[PDB]
Amino acid sequence: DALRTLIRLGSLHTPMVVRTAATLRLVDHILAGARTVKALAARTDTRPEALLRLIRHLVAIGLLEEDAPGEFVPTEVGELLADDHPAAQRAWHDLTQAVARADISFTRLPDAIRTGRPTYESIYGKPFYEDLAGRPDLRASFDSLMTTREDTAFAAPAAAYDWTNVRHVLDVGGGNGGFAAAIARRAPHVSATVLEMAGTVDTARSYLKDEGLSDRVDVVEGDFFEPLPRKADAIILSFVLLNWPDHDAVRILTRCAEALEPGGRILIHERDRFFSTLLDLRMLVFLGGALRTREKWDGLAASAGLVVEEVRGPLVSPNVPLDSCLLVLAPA
Amino acid sequence: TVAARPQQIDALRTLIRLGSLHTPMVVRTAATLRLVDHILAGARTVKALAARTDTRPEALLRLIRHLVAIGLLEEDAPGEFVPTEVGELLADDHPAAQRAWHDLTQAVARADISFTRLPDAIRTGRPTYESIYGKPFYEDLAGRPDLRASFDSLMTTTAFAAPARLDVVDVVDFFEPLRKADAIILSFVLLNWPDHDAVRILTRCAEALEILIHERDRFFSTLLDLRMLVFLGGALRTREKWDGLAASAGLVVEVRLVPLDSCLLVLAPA
Ligand SMILES: CC[C@@]1(O)C[C@H](O)c2c(cc3c(c2O)C(=O)c2c(O)cccc2C3=O)[C@H]1C(=O)OC
Ligand SMILES: Nc1ncnc2c1ncn2[C@@H]1O[C@H](CSCC[C@H](N)C(=O)O)[C@@H](O)[C@H]1O
Ligand SMILES: Nc1ncnc2c1ncn2[C@@H]1O[C@H](CSCC[C@H](N)C(=O)O)[C@@H](O)[C@H]1O
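In order, the protein sequence lines correspond to chains A and B. Under the numbering used here, think of the first position of the first sequence as 852, with each following residue one higher. Under the numbering used here, think of the first position of the second sequence as -12, with each following residue one higher.
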């Protein structure tokens, strides 16, 4: 059982069988009628001999089942690869989309452990966010992926804070505007600014406009290593700082400290050890970032001239197998 | 607001485990760095292990976290990590040679990178190995003597072999005219080849006879077969496919065994 258990752990073919299936929209095509190999091969544009060899392992791991002879149907776990499923797992495993494409960086993990440095650029030619800035399909795909992680609703992180005395929110690296939008639905008196990159600002405005939230949340295109576009009572950093090594993280925290109004707060929204280490090693090979322990957080806070006032407890979100925290940061 | 449904979370966790590239690459990185050997040699602190492996200590520790999470390393004493029961199989002296199997510097774990382009293999039926490394699998080994050495040594667990009433006394391209013999042995050979190369090999064997093929949970049958797709364009084959191949070579199957089970197909001239 040890030799068997280690070979399953060490197996590279099972993950890429799952990822090949997601990229081919296999489960979509089955659910739309193509239950046999010959029909599925034509829908996916694959060699019929080759599909069957892929399907065999899909059956052997319990994502596919055989109902009638020759006819394949997804199981309960395999249904999560339907494109419309609310956890978006198909797109998370779609090698044409930005995250599963970034996971190829894991094939150079030894380099990342030897150096502490990301392996993405050594595969694709440019660092992560610079690659997206020249690949609008990947920029859009990454933004859509980050939004679905809270059912695009971000209800749990926005409930974890009291917005009574907050006039303006600046969502720094706020993505497509989901967190800003969630605060505005909860606190009708607050207005908000989303600071994001080229490409993402457009999809953020569309999303915010399509929420009827255009009158209350606006979107600025800029670089958060530079002076922030305005001041605010609540500055949001939501899955931003784990993208960055300690020195860049402090730089970002400092720009936010400079932009705080008197009495205002910086809010860090960030993080099953299997899933904790997945995100942490992703940050290594993608970007050179990391997850940080509470003690490391005090250290980074102090380098930016801030204190961790409190850490508001597990926020459970749908579609994410992993909880998160909200860190409230006070100027020292 | 949020609705958390445990049956769907359990299902989501299952699919993400199945789909994750980090667990296999963490095991392969550990095997490539000889982590378990170094631990067994008395390096239990992260600082020593990083020195022996020439990795940054912060990064090594994050690798260890996942090795702990998946059960290959137990923490035991604060800051001193030890192999578990499963972890001990990464020891270099272990007879299953799993460490050599997962070492990215050896031939097979290096070839396993071909799995990163599985869609190309499924779309086309052609191997992806030469698209990543530049040479088809065996051309690559012919120009890389340490990889030809690693593979030959992996397979025990041509001139580049010879440890020392036929099997293709010791004697040195079975695509060339082969001595003769009363039984020729093709053991885990023909799965390495497309159907036409397999027929060629079987043909030469037929021309020297006065033929037994030794080849084949399903997770391990599909691993070997999908490896043969992305590495070489070979495949595991069914009784029906073996008959069509025997016929193309002038032969007839006259199909006989206990991680993976094997079979014996004795072939006679038609
Ligand atoms: C561990 C059990 C076993 O060794 C059983 C069997 O012996 C076998 C395996 C692997 C390979 C070959 C085998 O024959 C093989 O022939 C081959 C080849 O010709 C050319 C390239 C790679 C391989 C290759 O990776 C192993 C397996 O099936 O699962 C890991
Ligand atoms: N230099 C920079 N200036 C502004 N935004 C940046 C930036 N570098 C990265 N970002 C943005 O930081 C974001 C991190 S992903 C986090 C998105 C969103 N806040 C959420 O929680 O879902 C990306 O969308 C990226 O565009
Ligand atoms: N054109 C060729 N002629 C002869 N041998 C070849 C070949 N191409 C590959 N091989 C060898 O065939 C082997 C398949 S694996 C070993 C097969 C079996 N154990 C045996 O004893 O023969 C590999 O070691 C590979 O080096």
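For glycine and all other residues, C-beta sits at the position ideal for the given N, C-alpha and C.
At least one beta carbon of chain A lies nearer than 8 Å to the beta carbon of B/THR19.
Here A/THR887 is near A/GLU922, since their CB atoms are less than 8 Å apart. When 8 Å is used as the limit between beta carbons, B/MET12 is near these residues of chain A: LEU863, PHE957, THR958, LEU960, in chain order. In the structure shown, B/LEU199 falls within a strand segment according to DSSP collapsed to helix, strand and coil. Beta-bridge analysis with DSSP links A/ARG1163 to A/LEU1177.
Counting of Cβ neighbours within 10 angstroms places B/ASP127 among the buried residues, the total reaching 16 or more. C-alpha of A/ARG870 to C-alpha of A/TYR975: approximately 19 Å in a straight line. Fully enclosed alpha helix (DSSP H) runs of no fewer than 4 residues occupy 899 to 911 of the region 890 to 931 of chain A, in order along the chain. Check the Cα spacing between B/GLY74 and each of B/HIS53, B/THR92, B/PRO65, B/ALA64: the tightest is with B/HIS53. Within chain B, no residue has its beta carbon less than 9 Å from that of A/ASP1013; the closest one is some 16 Å off. At a cut-off of 8 Å between C-beta atoms, A/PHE1125 counts as an interface residue with respect to chain B. About 12 Å separates the beta carbon of A/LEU1130 from that of A/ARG1143, a gap too long to meet the 8 Å contact definition. In this structure, the beta-carbon distance from B/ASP80 to B/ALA18 does not fall below 8 Å. Boundaries for A/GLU1001: no beta strand (DSSP E) harbours it, and the DSSP string shows neither H nor E there. The C-alpha of B/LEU232 is placed about 34 Å away from the C-alpha of A/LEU854. In this structure, the straight-line span from the alpha carbon of A/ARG986 to that of A/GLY861 is close to 32 Å. Listed by position along chain A, the residues whose Cβ is nearer than 9 Å to that of B/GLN85 are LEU854, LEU857, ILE858, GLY861.
What you get when you keep residues with a C-beta closer than 6 Å to any heavy atom of ligand 1 is B/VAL95, B/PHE175, B/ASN179, B/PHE207, B/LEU210, B/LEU211, B/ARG214, B/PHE218, B/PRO246, B/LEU247. 8 Å or more divides the Cβ of A/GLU1077 from the Cβ of A/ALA1049. Residues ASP157 of the same chain have their beta carbon placed closer than 7 Å to that of B/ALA149, with the five preceding and five following residues left out of the count. Looking at the backbone, the Cα of A/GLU916 and that of B/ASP(-3) are separated by about 19 Å. Between the region 136 to 147 of chain B and the region 83 to 100 of chain B there are three or more inter-stretch CB-CB distances shorter than 8 Å, so the stretches are counted as touching.
Contact annotation, A/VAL868 with A/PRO925: C-beta distance approximately 14 Å; criterion of less than 8 Å not satisfied.
When secondary structure is reduced to three states using DSSP, B/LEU177 falls in the helix class. Taking all protein chains shown into account, A/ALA1141 has 16 or more neighbouring C-beta atoms within 10 Å of its C-beta and is therefore buried.
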